[PDB]
């Protein structure tokens, strides 16, 4: 069971990426048991990052670790290919992309052709990122059987959906991307890519270790606390809340998200910290 972190991209107040904070953050996550870093994913504001910002994120993280999966998706296949060619010359775990997005009603063959082009040029293992609620498309096994897929990150609240890949794609590693299903993924799939690893990494690593010891009740209790947090964060914007919580739980500044993913105001951040306080104590009591 692997615990992969879709790392956040720290920005300063002017909306410029702070690579020092990114490296400090990554080192800490890795020291605490995180198995790999998914760069430029949804939590990392991937689609909001320019071609060069995606590249600079990889370069910065490449000075810290080799355990990197590079997400390269954009709405111009020329730019995507430029990022694949760039990453070919580096020693990373894999290259990834979510499907074409924004435009509705694109024929399925477009999705297929998109991935075939990435597969044709990449010299790295291919990780399909399936996120229907975000892109508007569900990549079906029909298209995946044709491609050299190594792993799939499936963001879907229906575990049966993630499990269907495991069955139809022999040998492919499947990871579910929801924080609210970690316990179930750790008992049925190859791991998880969970946004919450950004601020409670020790908690998620503890879940896997408890499950490895056969202590499921304990792992389920941690999951219940996680699901309560997730429920509180919705009203503030889950990604935006994460920045405040990393500082709260981990003790270092990771800056702010970049608008339209607006940062929490001072009041919102103070309000958030009050709501989560009881969950904090209870989590630190079970994980120390």
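Residue numbers count along the first chain shown, from 1.
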#### Entry: Comparing 69-77 with 205-213, the one whose average Cα B-factor in the PDB entry is higher
205-213
### Summary
Going by the entry, of stretches 264-272 and 19-27 the one with greater average Cα B-factor is 264-272
### Task
Return the residue from 83, 133, 90, 126 that has the highest Cα B-factor in the entry.
90
#### Entry: Which of 148, 107, 94, 191 ranks first by CA B-factor in the deposited coordinates
148
### Message
Quick check for you: using the entry's CA B-factors within this chain, is residue 40 in the lowest, middle or highest third?
### Response
lowest
### Task
Taking the values exactly as deposited, rank residue 223 by C-alpha B-factor within its chain and report the matching third: lowest, middle or highest.
middle
### Within-chain third of residue 158 by Cα B-factor, per the entry
middle
### Query
What third of its chain's C-alpha B-factors does residue 247 belong to: lowest, middle or highest?
highest
#### Entry: residue 102, C-alpha B-factor rank within chain (lowest, middle or highest third)
lowest
